Structure formats: structure tokens, C-alpha cells
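In what follows, a structure is listed as C-alpha cells, so that the remarks can point back to it.
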Amino acid sequence: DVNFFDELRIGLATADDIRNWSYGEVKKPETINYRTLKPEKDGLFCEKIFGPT
Amino acid sequence: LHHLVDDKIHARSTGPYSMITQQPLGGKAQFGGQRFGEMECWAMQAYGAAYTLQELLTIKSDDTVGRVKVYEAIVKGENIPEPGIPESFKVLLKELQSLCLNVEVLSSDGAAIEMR
Amino acid sequence: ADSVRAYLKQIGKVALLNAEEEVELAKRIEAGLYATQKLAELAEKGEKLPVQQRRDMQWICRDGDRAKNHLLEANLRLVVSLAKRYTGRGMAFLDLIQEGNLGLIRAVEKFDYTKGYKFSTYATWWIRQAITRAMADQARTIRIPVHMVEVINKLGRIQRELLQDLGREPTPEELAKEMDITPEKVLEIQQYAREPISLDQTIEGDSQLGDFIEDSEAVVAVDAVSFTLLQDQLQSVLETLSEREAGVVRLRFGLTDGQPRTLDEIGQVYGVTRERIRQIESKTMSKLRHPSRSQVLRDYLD
Amino acid sequence: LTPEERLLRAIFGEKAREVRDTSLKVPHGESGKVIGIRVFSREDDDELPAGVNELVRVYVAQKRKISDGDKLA
Amino acid sequence: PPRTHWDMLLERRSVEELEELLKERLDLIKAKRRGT
Amino acid sequence: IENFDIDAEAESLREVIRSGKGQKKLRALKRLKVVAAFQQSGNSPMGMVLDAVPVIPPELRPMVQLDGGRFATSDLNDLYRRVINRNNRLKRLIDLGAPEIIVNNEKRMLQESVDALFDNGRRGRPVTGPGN
Amino acid sequence: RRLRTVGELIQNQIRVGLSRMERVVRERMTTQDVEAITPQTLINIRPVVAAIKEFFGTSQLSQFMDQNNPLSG
Amino acid sequence: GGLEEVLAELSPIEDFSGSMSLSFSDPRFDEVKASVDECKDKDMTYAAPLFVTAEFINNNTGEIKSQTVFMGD
DNA sequence: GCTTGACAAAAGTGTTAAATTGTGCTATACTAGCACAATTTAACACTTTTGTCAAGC
Ligand SMILES: CC(=O)O[C@H]1[C@H](C)[C@H](O)[C@H](C)[C@@H](O)[C@@H]([C@H](C)OC(=O)C(C)(C)CC(=O)O)CC/C=C(/C)C(=O)Nc2cc(O)c3c4c(c(C)c(O)c3c2O)O[C@](C)(O/C=C/[C@H](O[C@H]2C[C@@H]3OCO[C@@H]3[C@@H](C)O2)[C@H]1C)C4=O
């Protein structure tokens, strides 16, 4: 948390840039289990990639 | 007439915050705070009150760590801390990334800075 | 101009087949498939073949795929014919069409010409199943499994039939008996059948719903400070206790490490029987309850 | 629970309860008296939406003396 | 271990049925090149 | 874009403006603006075609149960759901081996989903949920 | 310039519910066995009562009655 | 009647072939379920069930199938 | 001040039965429900650990 930085730059995000940012590839169109209501693995809220609940 | 004081007076020091954005959520339902909109920022900028404007947009609404530290400062009677990065701005950076726009905050050195 | 309008333009460019045409294509597709498997088994067993015979065997393998693709492109209109009837149930028309094409593929894979039945007779089952199977798999944002999607449709079916028999919407006990399930089961099913709503939706005027959700784990500044003030008050009590006594209370609750510790594990650090640790714990706790030591923390109760 | 909190539970002997308090309180600034209460219960054969057991509605009224800031016309 | 097009074909026809089919197909190409 | 000499496309574009002045010069002039913008920068123009698509964090596209047990969630989830669904189905069609019409149809659908994900309604029919 | 009164505003929403019923009745006829159909088999009312419920429930024309004073209502 | 007006529009639902034709007629209303004061109490809609008198005729076999249909509240 | 044995409660553990879940399939011609396998979840018998008591060095 510096709060004093000089420049702000924008540019086209290459496939490698996107590839690099991601903490994992979401593989399933699943949001959450319908009974447990907990996030489905490899899905859109998968804790494995996005983070702990 | 159905406009009455008891229903229209609102006051807020601290309270709940939105889940997506970290600003106070308005309305009487949530003990909400008042909105400092686009025109109001123009007036403050016209006055030249940079610190008053920064205070309103960083540690009164969106600074997840700033708003809690200022409360700690007021209770302890200490000076009010230096503001942080508005969560709204950080959310903006992520929303640009999601559009395949590589935005990089840069210092004098030209080195990228981890926004975390 | 329009996406679907473009797809129908191209599927129509292949003329629909007749029975004899289907049977022949179904033969070549089958011979090529066996000609392919034959050659693969040979290498494992040896069994070299006549150089020439292998040549026109490999061409039969190649020739079967034209029969496969020609058969698919001819019956694409059939898929669209079936997919139209399922629009508007939570799936885009094109997605229905594609999943239908998947069913058409298997129908070709599983077709049998020796039965002498027209192709549309048998392919309709696979296209219909592929579309509905897909809807249960995808149409819902939370994705109920197929068997549970099956019991929901069956339950609504029952409520519908009964409603006409009764003249009123049924009670949970009636649906439970009519379906041969428990009344708490049907209630649990009706909770599963609930479908979500959009935060990005707006409600009166210019206010999207999303702005009203509280962040529950967001640190509340009035409590976090008191917690810091509380842990400072506890730091005072420990200095009053014996050095061994203060050390025991922490480890038992792991104030410094952040993790509790069992007595036997507290015995290793202090080299004493775990019962002694239990005894020291009992004596120190009672002394903490002593009037002088705990007076301050009463107010910090809540 | 918190290591700091679990100790206070052991000192003052108040068992950390197994459940969270989500009670219906009166909104800020609102005041008055309770006129009536309506109660719909699952135990009794009341009709409720799936998953809902009991419903209770409290009606509060208040006398509003004409006050500074009220709007007349 | 998926269920492939071969498995689905073997389930409905024995190797002798497939073999006779292959013989017919082989004779067709055989007649094309050999006979004008 | 792979077979693109981005200097000679630029220079051949660079000279025509002064010689063929007229209506066609304006077409070349404006076109030179974007061609030179890539020349000065060291960033490749391949970025205009995505091999992978980033997924916004869940907190910014939340799915929470407002009280009453009912659930609400951002439209982004259904938009991401459309993209990943058609992406996987495409993989399935490739692995099986499928007529070009079916595969091409799936690729067009996939492209449209990413378009709807980024700017919905910008190209043709906007994707709608319940209540249109 | 005319004004669609309440009775017609209901009538129009009834018409929409009967039209989507017309389509289901049509498809129901084909895949159903001849002589195995009765007026009950061809008709699922889900669209009709949904049209009435949706209109009263959602439509802009169906409004929460403002009752602060009898003149307002 | 507004309901009869919309029913005259659908009757009859004729097959493409016209082999099977289904006719609607004679709307029927039952007495209200509960009073306005009871509906505002129990959070239910003030409604009266609506029966209809339909019919399905087969031109091939000439059979007549009459029935009573419950549209809804 | 500390230790030991008897002991019960609690927490693991491996083994099994039940449920949950996913995939395949339906053959007049037309251009939902069930069977079965796979996987997950519960149940349970059984073993180790942990907290506890009385009694004694
Ligand atoms: C839920 C609901 O009933 O809200 C209603 C409305 C608020 C209540 O009826 C309210 C009691 C109101 O009657 C009284 C009240 C004193 O006035 C006010 O509340 C305000 C503060 C606004 C004005 C004021 O007090 O000064 C009296 C107002 C007196 C006058 C001369 C007046 O101005 N009338 C008035 C006001 C309107 O704005 C609209 C309006 C509208 C249509 C088609 C109308 O004919 C409107 C109308 O005639 O289209 C819009 C874009 O959107 C539609 C929005 C809503 O419609 C619902 C319909 C469905 O019901 C539930 O789901 C739907 C929901 C999402 O939308 C409106 C129609 C919309 O703005």
C-alpha cells in the first residue's frame, strides 16, 4: 500500500498475460452444490483457484 | 402531509457496507450514509480542499483498512491516519483486466506494483 | 444477418435421403469401421495381409467416414425439427440444436439397417433424449442432477393432475401420498426447485438490487478495537500468575501460537505428567475466577 | 471461536452457545407501543411456503404530535 | 475406457456378420479395378 | 496476423497518402493511424484474438442468498456459463470428429458467447434472462 | 386515442395465456395416441394462470394501492 | 362477456387436418373462497375458481367427448 | 508438588452398507423413466487418544 505511484499504463493483454494472471483454469459451468450450497470444484467459485470462503 | 421529520431524519457514524463495493449502503433500511455525488466533488475541488475530498472518498467509504483505523484513532484520541487505496479503484483495475485490458500501476522506476 | 438464420441456410444444402440411400450409407459406415478395427488387431497379433488387400482395406476405412458425415448432414433438418419444441425453457435455440446434433451423432453410431426401419424412427429417440438430458444438465445456474430433475418434473406432474381432480392446489401431505414419499421429502424437493434471481436486476427506479447486500465478515471497527483492548487486559492477568501458570493457560488455549494444545502435549514442554497439567490448570482457573482477577472482564462479556 | 474469547467462556462459566442470535429488533428512531401480534405456526396446520415453519408479525403504532419540520399545506 | 463406435458396433453384430459385410465391400472395389 | 510484415504494410501505406491524394488518401490516412500505433509500441497485435479468456474474481460477481433462503447472483455467472459450456462442447465435438458444419456452428456460437460476455447487445440480439 | 380499461387489460392477458395453451394443445395432439386424448389431456393450464398471476403480480398497470387518506385511494 | 369474447376466438381449436376439433364454451364461476378481510389476513389472493365447458370431436370416428375443465382461481 | 492405574468420553480409523450421481437407452414415421455402473456419504465396529477421578508417593 504505497499510495504514491507515478504512472498508470494500459495495453492489449496477450494470451500469456491472461494465462499468467489466472490462479487456475475454471473447467466446469458449475456455481455451487445444490444441497451443500458449497462451491463446486473446478467450477466458477472453486476455492482451489479463487480462494477460501 | 405524509412528509414527517421522524421519518426523514437520518444520521450515521458507522454501519453495514455493500458486499461487492465496500461503500456504505444507503437508505433507512440499512442505517445507511449520505451520498457524495459527482456534483458535490466538483464543489469541493472548486474550494481546493484536497484533504476533505480525499477523506470523503477513501477513509469514510471505501478504505477497508482506513475506515477501521480511523475509528481506532478517534477512540484512542490519536491523529487520524493517512488514507489508503479506495477499494472502488482496485475493483476498477480488476474489471479492466476482465476485459483483456492489461493495466499496470507504475512507479518512477517503471516497475509494476502488486495491488494487494 | 442472424445467427440461426445462417445455420438453417447451410443444413438445407443437402438433399434428404430415402430408405435405400440410408441402408447403403449405413453399410459403408459399418464396413469402414470394421476394416479399421481389423487392421489394428493385426499389428498386435502379427497377421500381415496381402499388400494389395490392405490398400483397399484402408480405403474402406477412409470411405466409411464420408458415409458417416453424409448421413449426419442429411438429417440435420430433423434435429432442428425436434429442437423448436423446446425453446424458451431456459436454453438458447442454438444450444438445443447442437445438443440435438450430438444425439443425431450417436443415432448414426448405433443405427441398424438390418432392422429395416426408417432412420427418422430411431434417430428421434436419441435427439429427444440428448436435448432433454442437456436441459437438466445446463438450464439451471445451480445444476441439479438428472435424477433430482426427474423427481421435480414428476412432482409438478402430480400436482397438475391432482389439481384438476381436486379443483385446488394440493397440500404437502396429498402430494406425498400420491407420489409415495414423505411429506418432509416433497417439501425438501420444493426447496431444491427454487430458481435464483439476478443481483444486476433493478428495483423503485435506477437502483439495482446488488447494492443492498451486507458484507457479513467485514470487520466492524467497534468490536475489533475492543478485542485488541481485551487481549491487552488479559496480558495483565498473566503477569500476576506464576510463570509456569501463565505459560500453561496460553498453551492450553494457544493464545500466542493460535492453536490449542492437549495436556499430554503440554506435558512434554514442562516434562510433567499430563494429570499434573490438569491439576495446575484447575488451580489456576479457580484463581482466575477469584474476585480480584476477573472483575474487569465481566464488563467485557459482550 | 477466538482463543481470547474461549478463555472468558471458561472463567465466567458461560457455555458458548451453539447458535447465532438473529432476532427482530425495532428500527432506529422508531418508537411506539405494540397493538397486536399475528402468529402463523408450522406445528399448527397453518399454510406456509416451503421451508418456512413459523411467521410472527408485530404491529406498532404511535401518536405523532405535530412537530417542527413536519410539512403542512 | 470410453464406449466407442467399435464397441457399439460389436454389440449388435458378430465378427462373422461383419466379416461377410467386409467381403462384399472388398468384392465391390475388387470388381471396380479388375472389371472395366 | 501471423503472416503480417508490420513495417512494409506500414511504409507502403506511408507513401501512398502523399501521391494518391483524394478520397482514397483519407482511407489510407486513417488506416495509417492504427498501423503506426502498433509500430511504435513493442506490443504484438495478436492480442486482438484471444486463446484464453480471463475470469473476474467471484467477489465481484457474487452469488449470495438474500434472506428468505432465496439466491441471487450476477449475470456474469450465466454469461461465463454460456462461454464455458460451448467451449467444452466444442472440445467434445473435435475429439469425436464431427462434420465441419457442426464444428463451425459451435465455433460461431462460442465467439458470440465471448462477445456477449464482454459487450452484450453490441453485436445484434442481446442475451436476455427471465422477463426479457 | 382510447384507454384500455381494467376489464380489457385482464382480457388481453387472458388472451395471451390461451394462445400459448393453443400451441401446447396442438403439439399434445400429435404425439398423443388417437382415442387416448380427452379435453383434460390436451390442456395444461400453467400458461393461463401464470398470465393472470404475472399480470397482477408484475405488470406496471397493477399498482400497490396508496391508502394514506381515502381521497388518495 | 369479456371471457366469452376471448373464448369465441379460440373455439374451435381445429387440427391441421381438421380431424380433431376442440371447442370451448360456457364459463363458470364458483363462489369466492374467502372474504376480503380473510384474504388480507392470511396473505392470499381474493379469487373465485373458473370452470369451463369444453369438448373434443373426432371427425374420423365421430365420437363426442365432453368434460369439465378447471382453469384456475 | 507430583505420579500412577483405572476409566470413560472423544476422536480417529478402516471396513461396509446405503445413498447419491452420472451415463446409456428407448426401432411405425416424423427432415420421462428406468437400469446399471461409479462415486460419494453414512454407518459401525473397533482402536487410539484425551480428559478425569481417586488414591498415594
Ligand atoms: C409497486 C408499485 O405499485 O409501484 C407503483 C407506485 C409506486 C404505487 O402504485 C404508488 C402507491 C403510487 O400509485 C402512489 C404513490 C403515492 O406515488 C409514489 O409512490 C411515488 C413516490 C412514485 C410518486 C409520489 O408519491 O409522489 C400514487 C401516485 C400518484 C400519481 C398521480 C402518480 O404519479 N402515479 C404513477 C406514478 C408512477 O411512477 C408510475 C410509473 C409507471 C406507470 C405505468 C404508472 O401508471 C405510474 C403512475 O400512474 O411506470 C413506472 C416507470 O414504473 C412503475 C412503477 C410502479 O409500478 C409497479 C407495478 C408492479 O407492481 C409490482 O411489480 C411492479 C412494480 C415493479 O412496478 C408504480 C406504478 C412508473 O414510475
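Each chain in the C-alpha cells gets a letter, A, B and so on, in the order shown; residues start at 1 in every chain, and ligands are counted from 1 in the order they appear.
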Shell around residue 68 (chain H) at 8 Å using only C-alpha atoms (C1' of nucleotides), local window under 3 positions removed, as an MDAnalysis selection string: chainID H and resid 51:54
Selection to disk with N, CA and C atoms, as a PDB file, in the first residue's frame:
```pdb
ATOM      1  N   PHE H  51     -64.467 -22.630 -13.851  1.00  0.00           N
ATOM      2  CA  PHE H  51     -64.648 -23.835 -14.648  1.00  0.00           C
ATOM      3  C   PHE H  51     -65.103 -23.463 -16.053  1.00  0.00           C
ATOM      4  N   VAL H  52     -64.780 -24.328 -17.016  1.00  0.00           N
ATOM      5  CA  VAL H  52     -65.207 -24.152 -18.396  1.00  0.00           C
ATOM      6  C   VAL H  52     -65.821 -25.454 -18.893  1.00  0.00           C
ATOM      7  N   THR H  53     -66.563 -25.351 -19.993  1.00  0.00           N
ATOM      8  CA  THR H  53     -67.267 -26.482 -20.594  1.00  0.00           C
ATOM      9  C   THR H  53     -66.706 -26.688 -22.000  1.00  0.00           C
ATOM     10  N   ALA H  54     -65.695 -27.543 -22.109  1.00  0.00           N
ATOM     11  CA  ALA H  54     -65.023 -27.791 -23.375  1.00  0.00           C
ATOM     12  C   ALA H  54     -65.625 -29.020 -24.059  1.00  0.00           C
TER      13      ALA H  54
END
```
Test item: residues lying within 6 Å of ligand 1 with only C-alpha atoms (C1' of nucleotides) and all ligand atoms, as an NGL selection string: :G and (57-66)
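For chain B, the residues within 7 Å of chain C are residues 16, 17, 18, 19, 25, 68, 71 and 72 of chain B, with only C-alpha atoms used to measure distance.
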Residues within 12 Å of residue 69 (chain H), only C-alpha atoms (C1' of nucleotides), excluding chain neighbours under 4 positions, as a ChimeraX atom specification: /C:161,163-167 /G:38-45 /H:23-29,49-55
Same residues, C-alpha atoms, output as a PDB file, in the first residue's frame:
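To be explicit, this is the file written out as result-v5.pdb:
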```
ATOM      1  CA  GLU C 161     -53.081 -33.922 -12.469  1.00  0.00           C
ATOM      2  CA  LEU C 163     -55.231 -30.002  -9.237  1.00  0.00           C
ATOM      3  CA  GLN C 164     -57.768 -30.942 -11.917  1.00  0.00           C
ATOM      4  CA  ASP C 165     -59.100 -33.826  -9.808  1.00  0.00           C
ATOM      5  CA  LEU C 166     -59.398 -31.655  -6.681  1.00  0.00           C
ATOM      6  CA  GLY C 167     -60.143 -28.165  -8.014  1.00  0.00           C
TER       7      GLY C 167
ATOM      8  CA  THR G  38     -59.713 -36.047 -23.782  1.00  0.00           C
ATOM      9  CA  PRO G  39     -60.156 -32.307 -23.192  1.00  0.00           C
ATOM     10  CA  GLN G  40     -58.174 -32.846 -19.979  1.00  0.00           C
ATOM     11  CA  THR G  41     -55.193 -34.495 -21.691  1.00  0.00           C
ATOM     12  CA  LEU G  42     -54.655 -31.731 -24.258  1.00  0.00           C
ATOM     13  CA  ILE G  43     -54.851 -28.889 -21.709  1.00  0.00           C
ATOM     14  CA  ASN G  44     -52.163 -27.840 -19.262  1.00  0.00           C
ATOM     15  CA  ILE G  45     -53.262 -24.541 -17.718  1.00  0.00           C
TER      16      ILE G  45
ATOM     17  CA  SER H  23     -64.490 -26.344 -28.640  1.00  0.00           C
ATOM     18  CA  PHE H  24     -64.602 -24.065 -25.586  1.00  0.00           C
ATOM     19  CA  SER H  25     -67.780 -22.540 -24.186  1.00  0.00           C
ATOM     20  CA  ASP H  26     -69.863 -21.617 -21.128  1.00  0.00           C
ATOM     21  CA  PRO H  27     -67.582 -20.037 -18.492  1.00  0.00           C
ATOM     22  CA  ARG H  28     -68.488 -20.954 -14.907  1.00  0.00           C
ATOM     23  CA  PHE H  29     -67.635 -19.064 -11.707  1.00  0.00           C
ATOM     24  CA  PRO H  49     -62.362 -20.613  -9.316  1.00  0.00           C
ATOM     25  CA  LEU H  50     -63.289 -20.685 -13.001  1.00  0.00           C
ATOM     26  CA  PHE H  51     -64.648 -23.835 -14.648  1.00  0.00           C
ATOM     27  CA  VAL H  52     -65.207 -24.152 -18.396  1.00  0.00           C
ATOM     28  CA  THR H  53     -67.267 -26.482 -20.594  1.00  0.00           C
ATOM     29  CA  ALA H  54     -65.023 -27.791 -23.375  1.00  0.00           C
ATOM     30  CA  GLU H  55     -65.481 -30.585 -25.937  1.00  0.00           C
TER      31      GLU H  55
END
```
With the cut-off set at 7 Å and counting only C-alpha atoms, tabulate each residue of chain E with an atom at most that distance from an atom of chain C, showing the nearest atom pair and its distance in Å to one decimal, ordered by chain and increasing number, as a tab-separated table.
```
residue	atom	partner	partner_atom	distance
E:5	CA	C:109	CA	6.0
E:6	CA	C:33	CA	6.8
E:8	CA	C:110	CA	6.3
E:18	CA	C:34	CA	6.8
E:21	CA	C:31	CA	6.4
E:22	CA	C:31	CA	5.5
```
Just want the 12 Å neighbourhood of region 35-47 of chain D, counted on only C-alpha atoms (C1' of nucleotides), with same-chain residues fewer than 2 positions away dropped. Output as a PDB file with C-alpha atoms, in the first residue's frame.
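As a result, part-v6.pdb now contains:
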```pdb
ATOM      1  CA  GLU C 169     -53.743 -26.721  -5.242  1.00  0.00           C
ATOM      2  CA  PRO C 170     -52.792 -29.759  -3.126  1.00  0.00           C
ATOM      3  CA  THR C 171     -51.280 -29.844   0.347  1.00  0.00           C
ATOM      4  CA  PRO C 172     -47.864 -31.406   1.033  1.00  0.00           C
ATOM      5  CA  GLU C 173     -49.482 -34.493   2.582  1.00  0.00           C
TER       6      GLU C 173
ATOM      7  CA  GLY D  32     -44.413   3.426  19.940  1.00  0.00           C
ATOM      8  CA  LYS D  33     -46.479   0.677  21.522  1.00  0.00           C
ATOM      9  CA  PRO D  49     -44.095 -21.514   1.977  1.00  0.00           C
ATOM     10  CA  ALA D  50     -41.740 -24.464   1.666  1.00  0.00           C
ATOM     11  CA  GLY D  51     -39.091 -24.408   4.382  1.00  0.00           C
ATOM     12  CA  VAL D  52     -40.852 -21.744   6.471  1.00  0.00           C
ATOM     13  CA  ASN D  53     -42.076 -23.013   9.846  1.00  0.00           C
ATOM     14  CA  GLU D  54     -43.361 -20.045  11.870  1.00  0.00           C
ATOM     15  CA  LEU D  55     -44.372 -16.490  10.977  1.00  0.00           C
ATOM     16  CA  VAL D  56     -44.949 -13.705  13.509  1.00  0.00           C
ATOM     17  CA  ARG D  57     -45.965 -10.141  12.636  1.00  0.00           C
ATOM     18  CA  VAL D  58     -45.876  -7.325  15.202  1.00  0.00           C
ATOM     19  CA  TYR D  59     -47.921  -4.155  14.657  1.00  0.00           C
ATOM     20  CA  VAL D  60     -46.624  -0.999  16.364  1.00  0.00           C
ATOM     21  CA  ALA D  61     -48.489   2.317  16.355  1.00  0.00           C
ATOM     22  CA  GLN D  62     -47.506   5.737  17.654  1.00  0.00           C
TER      23      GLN D  62
ATOM     24  CA  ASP H  41     -55.259 -11.602   6.923  1.00  0.00           C
ATOM     25  CA  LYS H  42     -53.760 -14.844   5.570  1.00  0.00           C
ATOM     26  CA  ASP H  43     -51.762 -13.329   2.666  1.00  0.00           C
ATOM     27  CA  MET H  44     -53.803 -14.948  -0.109  1.00  0.00           C
TER      28      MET H  44
END
```
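For the pair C1' of residue 12 (chain I) and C1' of residue 49 (chain I), the interatomic distance is 8.3 Å.
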